[PDB]
Amino acid sequence: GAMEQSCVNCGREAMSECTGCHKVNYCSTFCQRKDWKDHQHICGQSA
Ligand SMILES: [Zn+2]
Ligand SMILES: [Zn+2]
């Protein structure tokens, strides 16, 4: 349910995770892709 995880861009409405790293959670692919501008330089380590 949309309680266990919280979109780093929105809130508990989170439902979808980043493929690549499982350290952060989003709500939709839109937030995933929009965060990509910062996330692309971070995504890869994953700790
Ligand atoms: Zn990632
Ligand atoms: Zn979101």
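As a numbering rule, every chain is indexed from 1 in the order its sequence is written, which need not reproduce the entry's residue numbers; residues that lack coordinates are not presented. Starting at A for chains and at 1 for ligands, labels are handed out in the order in which the entities are written. Hydrogens and water molecules were not included; the side-chain quantities draw on all heavy atoms of the structure.

The protein chain appears in the PDB entry as DEFORMED EPIDERMAL AUTOREGULATORY FACTOR 1 HOMOLOG from Homo sapiens.

### Considerations on the coordination of the zinc ion (ligand 1)
Sites may look incomplete because water is not among the atoms; the donors themselves are N, O and S atoms within 2.8 Å of the metal, or within 3.2 Å for Na, K and Ca. The zinc ion (ligand 1) binds to the protein through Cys18 (SG), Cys21 (SG), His39 (NE2) and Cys43 (SG), with metal-donor distances spanning 2.0 to 2.3 Å. Irregular is the default label, applied whenever a site is not tetrahedral (four donors, all angles between 85 and 135 degrees) and neither square planar nor octahedral (four or six donors, opposite donors over 155 degrees apart, all other angles between 65 and 115). In this structure, the zinc ion (ligand 1) is coordinated by four donor atoms arranged in tetrahedral fashion, with angles at the metal of 108 to 112°.

### Concerning the coordination of the zinc ion (ligand 2)
Looking at the zinc ion (ligand 2), one finds its protein donor set to be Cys7 (SG), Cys10 (SG), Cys27 (SG) and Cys31 (SG), positioned 2.3 Å from the metal centre. One can describe the site at the zinc ion (ligand 2) as tetrahedral: its four donor atoms subtend angles covering 107 to 112° at the metal.

### Quick word on the UniProt feature "binding site: Zn(2+) 2" in the protein chain
UniProt positions are given in the numbering used here, feature names are shortened, and annotations may be inferred rather than shown by experiment. Residues annotated in UniProt with the feature "binding site: Zn(2+) 2" correspond here to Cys18, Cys21, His39 and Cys43. The annotated residues occupy 26 residues of the chain but converge on a single region, no pair of C-alpha atoms lying more than 10.0 Å apart. Mapped onto the secondary structure, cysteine 18 falls in the loop between β1 (16-17) and β2 (25-26). The buried label applies to any residue whose accessible area, calculated with a 1.4 Å probe on protein chains only, is under 20% of its type's maximum; exposed applies above 50%, and partly exposed to all values in between. Assessed through its relative accessible area of 1%, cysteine 18 is described here as buried. Not counting residues within four places of it along the chain, the set of residues in contact with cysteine 18 comprises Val24, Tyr26, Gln32, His39 and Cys43. By the element assignment, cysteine 43 lies in the segment after α2 (36-42). Judged by its relative accessible area of 17%, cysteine 43 falls in the buried class. The numbering of helices and of strands both runs from the N terminus, where a helix is a DSSP run of H or I of at least 4 residues and a strand a run of E of at least 2. Contacts are assigned to residue pairs that have any heavy atoms within 4.5 Å of one another.

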